[PDB]
Every structure is written in C-alpha cells, then in structure tokens.
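One structure is given here, and the rest of the page talks about it.
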Amino acid sequence: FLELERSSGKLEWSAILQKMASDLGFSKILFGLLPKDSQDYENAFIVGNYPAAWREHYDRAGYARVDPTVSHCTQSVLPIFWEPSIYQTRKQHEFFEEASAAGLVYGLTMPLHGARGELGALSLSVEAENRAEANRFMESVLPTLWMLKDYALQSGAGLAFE
Amino acid sequence: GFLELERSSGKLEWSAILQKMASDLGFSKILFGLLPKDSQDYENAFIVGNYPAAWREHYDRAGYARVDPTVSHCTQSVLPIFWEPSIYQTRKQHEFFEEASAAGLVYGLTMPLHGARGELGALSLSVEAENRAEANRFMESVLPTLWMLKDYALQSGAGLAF
Ligand SMILES: CS(=O)(=O)c1cccc(OCCCC(=O)N[C@@H]2C[C@H]3C[C@H]3C2=O)c1
Ligand SMILES: CS(=O)(=O)c1cccc(OCCCC(=O)N[C@@H]2C[C@H]3C[C@H]3C2=O)c1
C-alpha cells in the first residue's frame with residue numbers, strides 16, 4: 001500500500017497495482033476512474049490487463065449502459081460479484097456470453113467514490129474450476145482488497161487527473 | 001454482524017446495531033455522520049452515536065466543523081485519519097484538542113464516507129487507552145474489520161438517513 005501511495009507515475013503505479021492483484025490471485029483487472037459530474041465512461045482513466053479486444057469491443061458496443069456492474073457502482077459502495085443472476089436482460093445474456101469468450105467469467109467489482117466526487121471501480125477477475133472455488137479465492141482476500149480499493153482510489157485519483 | 005445492519009428496518013434499531021458492534025470491537029465512543037449531496041451544512045446532518053451531548057452541542061455553537069482537522073481531511077481523502085497530536089496545527093485546533101480531551105475524546109480514528117449518491121460523512125471511533133502507543137496498536141488490530149464496516153455502515157446508513 002505504501003508503494004502505491006508513493007508512486008510518481010501512472011505507468012509505475014499501474015505496475016504496482018497489477019502485481020498486487022496478481023499476488024492475491026487475480027488474472028485480469030481493471031481500474032477505472034472518472035471525475036466529478038462526468039459520466040463519459042469511454043473517456044475515463046483506465047488501467048489494467050483486460051483483453052484489448054474485449055475493451056474496444058465493449059466501447060464500440062456501448063456496453064457501459066449494458067454492463068450490470070456499471071449501474072451497481074452508481075448505486076452502491078459495496079462489492080458486486082459476477083454471479084450469473086445479475087445478467088438479466090436480452091443484451092446482458094449476450095454480454096455475459098461475450099465476456100466469457102474474452103476469459104472474464106468469475107470475479108468482483110468494487111465501486112469507487114472519491115473525496116473530489118470521482119466515480120470508478122476496481123474490478124478483479126479470478127480463474128477457477130467453478131463459481132464456488134472463485135468465491136472461496138475471492139473471500140480469502142476480501143479484507144485485503146477492501147483496504148486496497150481505497151488506497152488505489154486515493155493514489156489513483158491523484159495520478160489520473162492531478 | 002454486518003448483515004443485520006443492512007437489514008435494519010429503521011434508524012433507531014440500526015444505530016443500536018452499530019453502537020454494539022463498535023463497542024464489541026473495543027470502541028468507547030463513536031459517531032456516524034452523514035450529509036447529503038451538495039451540502040456542507042453540518043448542523044442539519046444525520047447523526048448517530050454516543051459522543052458526549054455537551055461536546056456535540058459545544059462543537060456546533062462553536063462552528064467546530066470548520067476547525068475539526070478530521071472534517072477537512074474527510075473532504076480530501078477516503079483514507080482513515082488518526083487523532084495524533086500533529087493533526088492539530090492551528091491555534092484554534094490546539095484549543096479544540098484541549099476541549100475534546102476534557103470531553104473524553106483523546107485517542108481514536110476517523111473514517112471518511114463518500115456515498116454513491118454524493119453523501120459526505122464519517123465513522124469516527126474513540127479509544128480509552130493509557131497511552132497513544134497502546135491506542136495505535138488496538139486500532140491497527142481491528143483496522144481491516146473497520147474498513148469493511150465503514151462502507152457497510154455508509155451503504156445501509158444512507159438508505160435510512162434520507
Ligand atoms: C469508466 S469509469 O472507469 O469511469 C467507471 C465508472 C463506473 C463503473 C465502471 O465500471 C466498473 C465495471 C466494469 C467491469 O469490470 N466490467 C467487466 C467486463 C465483463 C466481465 C464483466 C465485467 O464486469 C467504470
Ligand atoms: C456533519 S457530517 O456528518 O455530515 C460530516 C461530514 C464530514 C465530516 C464529518 O466529521 C467527521 C469527524 C468528526 C469527529 O469525529 N470529531 C471528533 C470530536 C473530537 C475528538 C475529535 C474528533 O475528531 C462529519
């Protein structure tokens with residue numbers, strides 16, 4: 001947590017965070033941040049190792065308005081697990097199908113709501129045999145990740161805009 | 001007991017669930033405060049806790065919201081602030097600390113709250129300890145529990161405050 005905080009560059013900060021996430025057992029992750037009063041998701045500060053095809057697909061498809069975790073983040077400060085039950089609409093079912101093709105099935109999204117009104121998330125994806133395995137690997141790290149999502153948000157909001 | 005918080009039907013039962021939890025963790029006095037979007041008028045905020053009534057009342061007539069070093073910290077960070085002496089720097093802040101100690105609030109930490117609806121607040125927790133070192137170690141050993149709690153309190157507490 002110290003290294004993150006003390007990091008002076010976007011590039012080095014992302015590497016510190018990326019590795020931490022990896023050490024915890026997370027394959028692909030995404031740190032997204034928007035500033036105050038903004039909802040232009042596609043022109044947000046993005047960091048992570050999410051598949052490049054997945055992400056440009058997502059942007060062109062207008063998937064911010066379809067991803068069930070994006071609206072959750074506007075409504076809560078609590079984590080949302082990528083359970084099948086959140087994919088409810090016709091498109092959300094297609095979204096899930098396409099997300100799984102890109103290798104993102106299991107995981108959780110932790111909403112970010114910064115002191116200067118910034119809105120974002122730290123999503124983390126785990127590779128597990130089944131959902132019960134993924135919840136087990138996600139719960140064992142859950143208290144560490146909670147402290148991490150606010151350190152990431154406090155340091156990451158400095159570098160994103162300031 | 002985090003989930004019974006969520007499930008609390010009203011303000012009165014919710015406050016009691018929170019008071020007990022904080023107490024079980026080892027906290028003498030606590031305060032949960034929450035303001036709504038686009039507001040910075042601290043006298044008409046949603047307040048819960050067991051802070052001395054004379055202290056609370058003294059603090060408002062004195063306009064201590066603009067003097068409390070933890071109140072401005074909350075407007076700048078999502079990270080906890082410990083009630084170390086170095087926190088009080090101004091002349092008014094030195095008097096504030098002196099008066100806070102008289103009311104029995106000398107050791108403790110404040111956790112900022114920044115909700116999904118733009119709500120600004122905090123969960124401050126105080127410790128009756130013999131010295132700062134003893135205080136800092138107790139606070140450190142419960143810190144990961146509290147990190148989850150402060151968001152658990154903010155998510156449920158915002159849904160009843162307004
Ligand atoms: C733009 S921003 O950075 O300002 C911002 C603000 C608010 C929410 C936010 O999105 C968080 C959730 C995004 C996400 O992980 N999607 C993956 C992709 C697929 C596996 C399924 C997921 O849940 C982004
Ligand atoms: C009004 S609100 O509820 O909307 C709100 C919004 C932002 C900050 C906030 O204050 C958090 C810090 C208050 C506090 O614990 N003070 C004690 C009192 C004395 C021991 C020294 C302290 O630190 C309150």
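To be explicit about the labels: the chains of the structure tokens are called A, B, and onward in the order shown, and within each one the residues are counted from 1, while ligands get numbers from 1 in the order they are shown.
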
Considering only C-alpha atoms and all ligand atoms, tabulate each residue of chain B that lies at most 6 Å from ligand 2 along with its nearest interatomic pair and the corresponding distance in Å to one decimal; arrange the rows by chain and ascending residue number and present them as a Markdown table.
| residue | atom | partner | partner_atom_place_in_ligand_line | distance |
| --- | --- | --- | --- | --- |
| B:33 | CA | ligand 2 | 3 (O) | 2.9 |
| B:34 | CA | ligand 2 | 3 (O) | 3.8 |
| B:35 | CA | ligand 2 | 4 (O) | 3.7 |
| B:42 | CA | ligand 2 | 1 (C) | 4.1 |
| B:45 | CA | ligand 2 | 4 (O) | 5.2 |
| B:47 | CA | ligand 2 | 3 (O) | 6.0 |
| B:70 | CA | ligand 2 | 12 (C) | 4.8 |
| B:71 | CA | ligand 2 | 8 (C) | 4.1 |
| B:74 | CA | ligand 2 | 8 (C) | 5.4 |
| B:100 | CA | ligand 2 | 19 (C) | 4.9 |
| B:105 | CA | ligand 2 | 20 (C) | 4.6 |
| B:110 | CA | ligand 2 | 15 (O) | 5.9 |
| B:120 | CA | ligand 2 | 6 (C) | 5.2 |
| B:121 | CA | ligand 2 | 6 (C) | 3.6 |
| B:122 | CA | ligand 2 | 11 (C) | 4.7 |
| B:124 | CA | ligand 2 | 15 (O) | 4.6 |

Can you write out the residues you just picked, keeping N, CA and C atoms, as an mmCIF file, in the first residue's frame?
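Just written: again.cif:
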data_model
loop_
_atom_site.group_PDB
_atom_site.id
_atom_site.type_symbol
_atom_site.label_atom_id
_atom_site.label_comp_id
_atom_site.auth_asym_id
_atom_site.auth_seq_id
_atom_site.Cartn_x
_atom_site.Cartn_y
_atom_site.Cartn_z
ATOM 1 N N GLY B 33 -21.799 10.207 11.009
ATOM 2 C CA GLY B 33 -22.369 11.437 10.499
ATOM 3 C C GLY B 33 -22.535 11.338 9.007
ATOM 4 N N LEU B 34 -23.576 11.907 8.442
ATOM 5 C CA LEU B 34 -23.765 11.852 7.006
ATOM 6 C C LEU B 34 -24.526 13.038 6.460
ATOM 7 N N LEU B 35 -23.977 13.702 5.455
ATOM 8 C CA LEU B 35 -24.587 14.863 4.837
ATOM 9 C C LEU B 35 -25.043 14.509 3.470
ATOM 10 N N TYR B 42 -23.418 21.261 8.250
ATOM 11 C CA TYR B 42 -23.252 20.276 9.304
ATOM 12 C C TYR B 42 -24.191 20.248 10.496
ATOM 13 N N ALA B 45 -27.469 17.588 9.659
ATOM 14 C CA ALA B 45 -26.999 16.341 9.139
ATOM 15 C C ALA B 45 -27.545 15.203 9.903
ATOM 16 N N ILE B 47 -26.970 12.352 12.290
ATOM 17 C CA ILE B 47 -26.007 11.996 13.322
ATOM 18 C C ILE B 47 -26.502 10.794 14.141
ATOM 19 N N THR B 70 -10.220 16.653 11.224
ATOM 20 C CA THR B 70 -10.752 15.425 10.621
ATOM 21 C C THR B 70 -11.875 15.720 9.629
ATOM 22 N N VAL B 71 -12.580 16.860 9.782
ATOM 23 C CA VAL B 71 -13.666 17.242 8.877
ATOM 24 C C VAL B 71 -13.100 17.631 7.487
ATOM 25 N N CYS B 74 -11.705 14.512 5.638
ATOM 26 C CA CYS B 74 -12.825 13.788 5.034
ATOM 27 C C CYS B 74 -13.173 14.324 3.650
ATOM 28 N N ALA B 100 -11.619 18.765 23.451
ATOM 29 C CA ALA B 100 -12.014 17.399 23.078
ATOM 30 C C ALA B 100 -11.587 16.390 24.178
ATOM 31 N N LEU B 105 -12.451 12.555 24.581
ATOM 32 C CA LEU B 105 -12.086 12.087 23.243
ATOM 33 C C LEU B 105 -10.659 12.539 22.990
ATOM 34 N N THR B 110 -10.802 8.481 12.451
ATOM 35 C CA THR B 110 -11.963 8.871 11.715
ATOM 36 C C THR B 110 -11.895 8.261 10.362
ATOM 37 N N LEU B 120 -21.650 12.891 1.967
ATOM 38 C CA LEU B 120 -20.367 13.061 2.650
ATOM 39 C C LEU B 120 -20.572 12.900 4.153
ATOM 40 N N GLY B 121 -19.762 12.051 4.763
ATOM 41 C CA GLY B 121 -19.801 11.837 6.197
ATOM 42 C C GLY B 121 -18.538 11.197 6.718
ATOM 43 N N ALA B 122 -18.670 10.519 7.876
ATOM 44 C CA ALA B 122 -17.615 9.778 8.570
ATOM 45 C C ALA B 122 -18.140 8.861 9.674
ATOM 46 N N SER B 124 -16.318 7.910 13.000
ATOM 47 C CA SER B 124 -15.217 8.152 13.908
ATOM 48 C C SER B 124 -15.379 7.183 15.062
#

Nearby polymer residues, ligand 1, at most 6 Å, only C-alpha atoms and all ligand atoms, as a list in words:
residues 32, 33, 34, 41, 42, 44, 69, 70, 73, 99, 104, 109, 119, 120, 121 and 123 of chain A

Report as a PyMOL selection string the set of chain B residues whose atoms approach chain A to within 12 Å, with distances computed over only C-alpha atoms.
chain B and resi 6+37-38+71-80+111-122+142-159

If we count only C-alpha atoms and set the cut-off at 8 Å, which residues sit around residue 30 in chain A, ignoring sequence neighbours fewer than 5 positions away in its own chain? Please answer as a PDB file with N, CA and C atoms, in the first residue's frame.
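Listed below is the output, around.pdb:
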ATOM      1  N   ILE A  46      -8.249   4.703 -17.438  1.00  0.00           N
ATOM      2  CA  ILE A  46      -8.267   3.249 -17.415  1.00  0.00           C
ATOM      3  C   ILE A  46      -6.866   2.673 -17.223  1.00  0.00           C
ATOM      4  N   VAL A  47      -6.760   1.671 -16.352  1.00  0.00           N
ATOM      5  CA  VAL A  47      -5.537   0.905 -16.074  1.00  0.00           C
ATOM      6  C   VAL A  47      -5.955  -0.586 -15.955  1.00  0.00           C
ATOM      7  N   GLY A  48      -4.998  -1.500 -16.143  1.00  0.00           N
ATOM      8  CA  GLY A  48      -5.238  -2.932 -16.036  1.00  0.00           C
ATOM      9  C   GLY A  48      -4.768  -3.779 -17.207  1.00  0.00           C
ATOM     10  N   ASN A  49      -5.141  -5.074 -17.184  1.00  0.00           N
ATOM     11  CA  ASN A  49      -4.750  -6.059 -18.187  1.00  0.00           C
ATOM     12  C   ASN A  49      -5.956  -6.779 -18.829  1.00  0.00           C
ATOM     13  N   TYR A  50      -7.117  -6.071 -18.875  1.00  0.00           N
ATOM     14  CA  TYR A  50      -8.336  -6.566 -19.525  1.00  0.00           C
ATOM     15  C   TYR A  50      -8.027  -6.793 -21.017  1.00  0.00           C
ATOM     16  N   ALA A 121     -14.258   2.174 -10.438  1.00  0.00           N
ATOM     17  CA  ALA A 121     -14.218   0.813  -9.917  1.00  0.00           C
ATOM     18  C   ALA A 121     -12.857   0.128 -10.087  1.00  0.00           C
ATOM     19  N   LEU A 122     -12.613  -0.874  -9.220  1.00  0.00           N
ATOM     20  CA  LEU A 122     -11.509  -1.808  -9.280  1.00  0.00           C
ATOM     21  C   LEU A 122     -12.172  -3.159  -9.394  1.00  0.00           C
ATOM     22  N   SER A 123     -12.214  -3.679 -10.615  1.00  0.00           N
ATOM     23  CA  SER A 123     -12.772  -4.990 -10.886  1.00  0.00           C
ATOM     24  C   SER A 123     -11.609  -5.961 -10.891  1.00  0.00           C
ATOM     25  N   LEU A 124     -11.844  -7.153 -10.363  1.00  0.00           N
ATOM     26  CA  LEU A 124     -10.830  -8.192 -10.318  1.00  0.00           C
ATOM     27  C   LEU A 124     -11.470  -9.504 -10.755  1.00  0.00           C
TER      28      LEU A 124
END

Write out as a list in words the set of residues from chain B that DSSP, computed on the backbone, places in strand (DSSP E).
residues 29, 30, 31, 32, 33, 34, 35, 46, 47, 48, 49, 81, 82, 107, 108, 109, 110, 111, 112, 113, 114, 120, 121, 122, 123, 124, 125, 126 and 127 of chain B

Could you write those residues out with C-alpha atoms, as a PDB file, in the first residue's frame?
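Produced file again-v1.pdb, reproduced below:
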ATOM      1  CA  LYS B  29     -17.420   6.460  21.813  1.00  0.00           C
ATOM      2  CA  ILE B  30     -18.472   6.603  18.186  1.00  0.00           C
ATOM      3  CA  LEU B  31     -20.083   8.957  15.727  1.00  0.00           C
ATOM      4  CA  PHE B  32     -21.661   8.226  12.363  1.00  0.00           C
ATOM      5  CA  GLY B  33     -22.369  11.437  10.499  1.00  0.00           C
ATOM      6  CA  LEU B  34     -23.765  11.852   7.006  1.00  0.00           C
ATOM      7  CA  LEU B  35     -24.587  14.863   4.837  1.00  0.00           C
ATOM      8  CA  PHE B  46     -27.837  12.809  10.082  1.00  0.00           C
ATOM      9  CA  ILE B  47     -26.007  11.996  13.322  1.00  0.00           C
ATOM     10  CA  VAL B  48     -25.811   8.682  15.251  1.00  0.00           C
ATOM     11  CA  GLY B  49     -23.536   7.582  18.141  1.00  0.00           C
ATOM     12  CA  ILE B  81      -7.115   9.819   9.932  1.00  0.00           C
ATOM     13  CA  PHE B  82      -5.732   9.013  13.396  1.00  0.00           C
ATOM     14  CA  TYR B 107      -7.464   8.594  21.214  1.00  0.00           C
ATOM     15  CA  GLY B 108      -9.200   7.483  18.038  1.00  0.00           C
ATOM     16  CA  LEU B 109      -9.608   7.434  14.266  1.00  0.00           C
ATOM     17  CA  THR B 110     -11.963   8.871  11.715  1.00  0.00           C
ATOM     18  CA  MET B 111     -13.029   7.032   8.623  1.00  0.00           C
ATOM     19  CA  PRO B 112     -14.343   9.227   5.771  1.00  0.00           C
ATOM     20  CA  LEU B 113     -17.572   8.358   3.936  1.00  0.00           C
ATOM     21  CA  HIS B 114     -18.317   9.234   0.327  1.00  0.00           C
ATOM     22  CA  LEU B 120     -20.367  13.061   2.650  1.00  0.00           C
ATOM     23  CA  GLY B 121     -19.801  11.837   6.197  1.00  0.00           C
ATOM     24  CA  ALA B 122     -17.615   9.778   8.570  1.00  0.00           C
ATOM     25  CA  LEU B 123     -17.487   6.936  11.127  1.00  0.00           C
ATOM     26  CA  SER B 124     -15.217   8.152  13.908  1.00  0.00           C
ATOM     27  CA  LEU B 125     -14.254   5.723  16.669  1.00  0.00           C
ATOM     28  CA  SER B 126     -12.592   6.641  20.052  1.00  0.00           C
ATOM     29  CA  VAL B 127     -10.420   4.566  22.400  1.00  0.00           C
TER      30      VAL B 127
END

Expected answer as a PyMOL selection string: alpha helix (DSSP H) residues in range 4-55 of chain A:
chain A and resi 4-6+10-24+52-55

Excluding residue 4 in chain B and residues on its chain fewer than 2 positions from it, collect all residues at most 10 Å away from it, counting only C-alpha atoms, and give them as JSON, numbers by chain.
{"B": [1, 2, 6, 7, 8, 9, 13, 14, 17, 18, 156]}

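For the pair CA of residue 99 in chain B and CA of residue 85 in chain B, the interatomic distance is 13.3 Å.
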
One decimal, Å: what's the distance from CA of residue 87 in chain A over to CA of residue 40 in chain A, could you say?
22.8 Å

Contacts of range 20-22 of chain A at 10 Å (only C-alpha atoms; same-chain gap of 5+ positions) as an NGL selection string
:A and (1 or 4 or 14-15 or 27-29 or 48 or 124-126 or 141 or 145 or 148)

Please produce an output containing C-alpha atoms for each residue in the selection, written as a PDB file, in the first residue's frame.
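Here's the written file selection-v4.pdb:
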ATOM      1  CA  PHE A   1       0.000   0.000   0.000  1.00  0.00           C
ATOM      2  CA  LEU A   4       1.252   2.665  -4.451  1.00  0.00           C
ATOM      3  CA  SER A  14      -0.376   0.540 -12.652  1.00  0.00           C
ATOM      4  CA  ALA A  15       2.528  -1.987 -12.456  1.00  0.00           C
ATOM      5  CA  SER A  27      -5.767 -12.840 -13.610  1.00  0.00           C
ATOM      6  CA  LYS A  28      -7.240  -9.739 -15.265  1.00  0.00           C
ATOM      7  CA  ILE A  29      -8.090  -6.481 -13.529  1.00  0.00           C
ATOM      8  CA  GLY A  48      -5.238  -2.932 -16.036  1.00  0.00           C
ATOM      9  CA  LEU A 124     -10.830  -8.192 -10.318  1.00  0.00           C
ATOM     10  CA  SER A 125     -11.214 -11.496 -12.167  1.00  0.00           C
ATOM     11  CA  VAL A 126     -10.108 -14.912 -10.861  1.00  0.00           C
ATOM     12  CA  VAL A 141      -8.581 -11.958   0.095  1.00  0.00           C
ATOM     13  CA  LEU A 145      -8.938  -5.934  -1.196  1.00  0.00           C
ATOM     14  CA  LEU A 148      -6.580  -1.838  -1.427  1.00  0.00           C
TER      15      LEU A 148
END
